[PDB]
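What follows is a set of notes on a single structure, which appears directly below.
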Number of protein chains: 4
Amino acid sequence: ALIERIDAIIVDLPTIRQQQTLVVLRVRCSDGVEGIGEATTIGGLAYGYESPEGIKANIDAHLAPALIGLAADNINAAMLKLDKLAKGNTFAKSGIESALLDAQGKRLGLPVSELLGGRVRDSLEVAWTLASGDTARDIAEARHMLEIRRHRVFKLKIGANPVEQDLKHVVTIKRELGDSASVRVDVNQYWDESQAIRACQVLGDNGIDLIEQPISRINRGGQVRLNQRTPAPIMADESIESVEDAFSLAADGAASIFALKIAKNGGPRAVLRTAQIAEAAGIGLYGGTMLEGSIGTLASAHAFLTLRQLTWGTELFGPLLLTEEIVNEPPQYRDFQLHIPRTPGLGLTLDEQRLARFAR
Amino acid sequence: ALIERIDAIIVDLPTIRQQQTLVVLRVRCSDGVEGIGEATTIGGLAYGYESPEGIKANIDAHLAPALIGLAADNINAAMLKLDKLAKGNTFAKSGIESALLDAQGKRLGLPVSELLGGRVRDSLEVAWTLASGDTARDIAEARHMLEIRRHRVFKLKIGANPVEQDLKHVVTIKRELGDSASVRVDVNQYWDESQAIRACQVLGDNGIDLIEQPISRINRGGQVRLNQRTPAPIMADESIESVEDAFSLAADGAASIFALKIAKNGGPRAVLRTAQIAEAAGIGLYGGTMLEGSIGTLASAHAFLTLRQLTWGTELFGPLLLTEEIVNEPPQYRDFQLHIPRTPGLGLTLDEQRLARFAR
Amino acid sequence: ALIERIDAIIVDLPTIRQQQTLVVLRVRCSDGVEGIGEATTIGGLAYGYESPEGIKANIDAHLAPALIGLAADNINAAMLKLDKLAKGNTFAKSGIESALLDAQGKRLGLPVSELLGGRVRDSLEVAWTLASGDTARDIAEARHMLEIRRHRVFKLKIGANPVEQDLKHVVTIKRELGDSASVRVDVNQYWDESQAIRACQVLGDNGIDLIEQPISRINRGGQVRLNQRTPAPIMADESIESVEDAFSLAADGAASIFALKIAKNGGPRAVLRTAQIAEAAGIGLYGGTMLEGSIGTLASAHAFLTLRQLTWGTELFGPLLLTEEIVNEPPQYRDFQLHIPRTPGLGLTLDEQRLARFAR
Amino acid sequence: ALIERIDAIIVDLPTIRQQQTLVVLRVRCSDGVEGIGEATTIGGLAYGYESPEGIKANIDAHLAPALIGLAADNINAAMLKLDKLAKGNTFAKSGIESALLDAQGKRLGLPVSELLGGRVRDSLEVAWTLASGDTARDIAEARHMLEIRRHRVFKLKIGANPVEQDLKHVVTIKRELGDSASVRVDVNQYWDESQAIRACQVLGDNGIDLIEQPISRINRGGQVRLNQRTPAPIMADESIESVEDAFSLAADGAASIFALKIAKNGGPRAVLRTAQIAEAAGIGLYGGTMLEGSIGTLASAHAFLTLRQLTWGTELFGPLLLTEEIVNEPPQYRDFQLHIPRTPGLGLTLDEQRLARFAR
Ligand SMILES: [Mn+2]
Ligand SMILES: [Mn+2]
Ligand SMILES: [Mn+2]
Ligand SMILES: [Mn+2]
């Protein structure tokens with residue numbers, strides 16, 4: 001089977017929060033099998049180098065033409081060719097690798113997790129981000145998610161308000177939930193090391209389970225110091241923009257936990273290279289997301305199912321924020337987890353009608 | 001006297017806990033003197049590279065034939081020959097060295113401790129592992145051991161249950177016993193560094209005296225960080241798989257205490273090389289065990305008697321877990337210690353009847 | 001006073017080599033002043049994250065909209081706003097900053113070099129890359145460039161062929177040229193550390209003045225080792241993808257010379273921050289290029305004129321490779337140097353006809 | 001679908017040198033598909049912890065029983081189970097993984113290289129070890145191998161004789177061969193750092209391309225020092241006894257080249273994890289061997305075909321030393337390379353008669 005055509009479609013979907021843009025890839029092979037992938041990011045260029053528009057432009061002008069005519073079943077050769085021709089562009093590469101694995105799974109009749117070696121579990125613990133901004137509303141939401149047994153691990157995005165304000169807000173939530181839930185924070189590189197010194201202490205002292213990316217990736221030394229001094233473990237996220245960054249952080253002792261994102265590494269197979277490095281170093285894992293819809297979520301999920309251990313769970317809740325999707329199969333979230341079927345490929349099929357309706 | 005024959009016998013003994021397998025070595029010398037040694041491990045291949053079956057196979061096919069015909073009284077030459085021919089295989093080497101020292105002690109009429117240079121004590125403090133799994137039962141057992149003056153230092157094996165559960169269990173035990181007993185934990189490499197960060201703090205804050213091998217030996221940097229940050233001292237155990245590993249950990253500042261096991265180093269003389277390195281570096285000592293019966297326990301004991309200081313005592317309680325033994329002389333445990341006689345060799349003789357009954 | 005509109009045009013120009021694609025920026029201000037900039041790369045995505053297509057897509061969709069309406073005379077505020085909304089995208093940022101500086105300089109009647117502080121020189125030494133592939137042809141071209149006094153510093157791009165082959169080629173050229181020219185090589189990350197060990201030694205012992213980016217930026221430790229052991233100075237180029245990378249490299253001692261490129265840093269002002277960091281660390285400087293045409297070449301030059309010292313000269317020969325240009329004023333190359341006028345802005349005007357002709 | 005039975009057979013085959021012992025694994029699956037693997041070492045226990053005897057003993061007693069009944073198509077789950085129950089035992093693990101991969105490839109009709117992701121080449125450069133001991137004889141054998149175009153890369157095993165004697169021998173061979181062949185040496189941990197200091201210098205100055213494992217793995221600091229000072233690149237072989245060792249060596253900068261052996265890592269998939277770590281650190285690669293016959297050689301080869309680059313080729317000449325083999329298909333050595341077919345599995349079938357004949 002040869003790769004015949006690759007299409008990159010920008011889709012804007014309404015969210016419960018007010019819109020999420022995804023780049024849906026469709027790779028059609030000569031044997032009639034089609035694979036689907038997703039390259040999605042948050043806020044244009046605010047959370048990475050690649051925007052939806054840039055991703056589509058590069059796929060159309062550079063990445064896709066390099067693949068037309070190649071064997072669809074030799075994913076390693078195709079991805080290595082992209083590395084040779086394109087520097088970075090991990091989101092685009094991720095969408096493409098996801099589609100090739102999907103097409104390959106359908107072709108062989110195996111779920112992507114089995115193509116990657118075999119799953120050691122069928123479900124993944126899923127965290128939820130509390131985003132009402134209001135403390136009372138956040139505790140109310142958390143208590144609801146617990147009641148319906150959908151989530152018991154909650155993440156709080158902070159760093160935008162005065163430190164003292166964010167600290168009170170987080171400590172209040174953990175204090176009210178007590179031992180019923182795990183509370184973590186994500187600072188998204190918003191603090192400088194001078195602010196993180198005291199903030200990490202207060203959070204660690206008040207039962208916050210982990211602190212994700214407290215300071216900017218440009219401060220390597222600061223990450224190493226906080227890794228050694230913060231009472232709560234430090235998780236690296238934005239500090240990882242490639243597999244090679246993961247080796248560097250591991251060699252430096254810059255974090256005790258790595259967030260694994262297929263978009264930041266370059267696909268399901270690339271994220272596994274980063275996970276393996278973390279494993280060889282004794283670094284804990286967490287399955288991250290870029291707020292992908294079901295396609296990217298499932299592609300992440302399929303790689304995470306093969307991991308020996310994910311000490312801190314995952315935040316694969318992306319599909320839950322969308323009011324509408326472009327696939328026919330809704331994800332199964334129940335009993336604090338995301339359940340992944342043993343269907344061929346990613347186990348998803350496009351809803352041609354909603355796709356046409358939301359595509360640009 | 002020449003080494004004439006070496007036999008490796010696998011023996012399965014019932015335990016009070018449900019079976020322990022030992023590899024008993026019998027080295028017969030041309031002068032009619034026989035030496036006995038033991039090569040024992042825990043759980044097949046779960047706690048090391050060598051299993052009872054592999055140990056016997058290698059002794060029979062490789063190690064023993066290299067020794068037949070050599071002088072029984074030149075232990076250094078015999079052991080150096082084994083190092084030249086065999087990589088690793090420390091458990092097998094340990095059993096063999098133990099038997100040669102036993103035979104040499106009987107021949108010269110000296111206890112093995114005197115062959116090793118001379119004892120500075122006749123008894124060793126012995127810790128006890130609380131293994132009921134149940135907190136109330138563990139406190140009850142500990143109080144009994146204290147009452148009968150058999151043990152006042154207790155070890156708790158953790159790491160298999162959720163961290164929070166193991167922490168509550170340990171803190172409850174220390175809280176109830178108070179200053180009447182020393183409470184320590186052994187995590188057996190079960191935690192990753194991200195989990196150990198908070199767990200070590202809680203344990204150190206609640207009176208746990210030391211934390212044995214909290215994380216995997218593959219994470220050297222993590223051991224160094226915990227050595228500098230944990231409130232309770234960190235003891236290395238599985239991180240030591242050879243004398244050379246001990247030098248490496250000492251040079252790195254990876255632990256402030258080393259567990260000394262003859263099986264992991266290669267015998268009573270090898271364990272002394274590791275102890276000497278620890279001494280030159282200012283690292284504290286602890287006499288460890290692989291749950292050996294009286295033979296291996298006594299061989300460990302004889303080397304430990306020559307040490308200037310063992311700040312943390314020993315856990316030479318192996319014989320106490322066996323319902324039946326294959327030696328005639330039962331070990332003397334009284335007043336929190338194991339008492340070692342000044343009889344030739346290891347001071348033990350095989351019970352031919354029970355040996356035949358439990359051998360495979 | 002206000003930025004009214006920003007246009008990003010892709011232009012394909014013919015080279016002496018084959019085309020070269022430029023992204024010409026035209027910023028129109030409310031006061032009638034227009035500024036021009038250039039964002040140019042090499043080989044689509046083979047030499048960087050940004051392609052001409054992705055650059056235009058991002059400018060039109062995200063960057064330009066963030067600038068419309070802002071004061072055209074407050075460049076610091078404009079660029080800081082872009083850093084807040086966009087991660088990376090240094091090529092696009094460089095093109096935009098260059099245009100704003102051009103407009104501001106025309107507005108105050110000052111060359112960009114004066115806006116940046118004040119020039120300390122009026123011309124820059126310019127190197128030339130011998131790229132025929134044929135040793136004899138290269139020596140001939142070099143002899144000619146020397147004859148007409150256009151260049152006396154030559155750079156050989158190597159790494160694509162077997163090591164001994166590239167080494168022979170390079171050593172032969174330096175042997176034939178002797179003390180007449182400075183010969184340098186750029187390996188463009190093509191060797192791994194194991195190949196670079198012997199190659200750097202041979203090159204250094206045969207009169208090669210500096211070795212540019214011998215290994216990949218992913219291998220930080222290798223750069224630090226080569227920096228201490230190479231007989232010829234090591235220059236970092238691709239290892240610098242941001243000003244923060246420059247700080248990191250300096251702190252580590254990964255190179256004794258930094259190549260300065262406005263495109264890899266984010267503009268003329270950004271390149272000065274990197275140059276300042278190098279100066280504070282005692283690191284040597286070299287004026288680099290991404291093969292820009294006159295607009296980009298002049299924007300680099302204006303920044304380079306304010307530097308105290310550029311120990312290794314520059315390679316601002318980009319305009320010399322183009323057969324057609326889109327500006328009215330051709331660069332003044334004479335006596336081994338590039339001469340920069342003291343006219344307002346960049347001192348360039350767009351040839352509207354040729355622009356329309358090569359614009360795609 | 002299910003692993004029904006696993007057989008471990010010790011086979012003694014005649015070499016051109018004397019015998020070579022292999023442990024042939026035969027895994028039978030419920031669907032009638034059988035997979036074959038090989039766990040081979042050199043010199044009993046002289047070159048590793050596992051002997052043919054210990055390997056068979058452990059497979060029969062511990063490893064095989066843990067696999068019976070498990071899905072034959074979920075190799076990741078099977079191997080992770082083995083890691084949980086058994087420490088080390090990489091040779092036995094490698095043999096088992098190779099057989100499961102062979103079975104799975106025959107089952108899906110794909111060569112193992114495709115199961116592992118996809119090959120990027122169809123043949124591998126193969127080195128040859130000159131082992132006559134006689135300098136003149138070695139030069140003759142080398143000239144011949146060059147004549148018939150079978151090998152052009154030669155490796156000399158040294159370290160057993162006085163240094164100046166081995167140095168003379170090696171330098172003479174390279175002098176006589178000149179630019180015609182690449183000459184390398186493997187010291188097999190025979191020198192201590194004090195001897196290696198001058199030897200590495202002499203070898204490097206006389207055209208030796210790489211120096212493999214000059215000193216013992218116990219001396220980590222010495223490897224780091226030799227890695228910075230040796231004029232010829234240092235390759236780690238014995239220092240790698242697990243994938244985690246590879247990470248450690250890379251983090252420390254102890255070698256610029258890693259020898260890859262499926263037997264020392266735990267199988268074809270394990271060797272890829274080590275290769276990935278090396279790639280992320282910028283470390284060069286070489287395909288190593290433990291002198292396996294065709295089964296083991298092909299299992300290594302299939303993994304090596306997926307690698308982006310093997311800067312230093314391979315030494316997969318194992319089959320060439322055997323006069324008799326236990327498979328029906330003899331390896332395709334031609335034009336300095338080993339050619340690998342695109343047939344299912346390993347592409348090998350057991351010659352039941354010869355197997356029965358040499359089986360012990
Ligand atoms: Mn995050
Ligand atoms: Mn222990
Ligand atoms: Mn360059
Ligand atoms: Mn070797």
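Below, read A as the first sequence line, B as the second, and so on, with proteins coming before strands; counting in each chain starts at 1. Computation of the quantities below employed the complete heavy-atom set of this structure, encompassing side-chain atoms and omitting hydrogens, waters and symmetry-equivalent molecules. When a ligand or atom number is given, it counts from 1 through the structure's own listing order.
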- [ ] Tell me whether C:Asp186 has at least one N, O or S atom under 2.8 Å from the Mn ion (ligand 3).
- [x] yes
- [ ] Output, in order, the C-alpha distance, side-chain angles, deciding distance and verdict of side-chain hydrogen bond (donor to acceptor under 3.5 Å, both in side chains) for B:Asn161 and B:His169.
- [x] CA-CA 10 Å; B:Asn161 293 342; B:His169 170 242; over 6 Å; no
- [ ] Check all N, O or S atoms of C:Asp237 and name the one closest to the Mn ion (ligand 3).
- [x] OD2
Open item on the list: I'd like to know if B:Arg217 and B:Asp245 make a salt bridge, using a cut-off of under 4.0 Å between side-chain N and carboxylate O.
Closed with: yes
Task: the Mn ion (ligand 1) to nearest N/O/S of A:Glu212 less than 2.8 Å - done: yes
- [ ] Can you measure from CD1 (B:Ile211) to CD1 (B:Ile234) and round to the nearest 0.5 angstrom?
- [x] 4.5 Å
Open item on the list: Within the structure provided, determine whether A:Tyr49 and C:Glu50 are in side-chain contact (heavy-atom separation under 4.5 Å).
Closed with: no
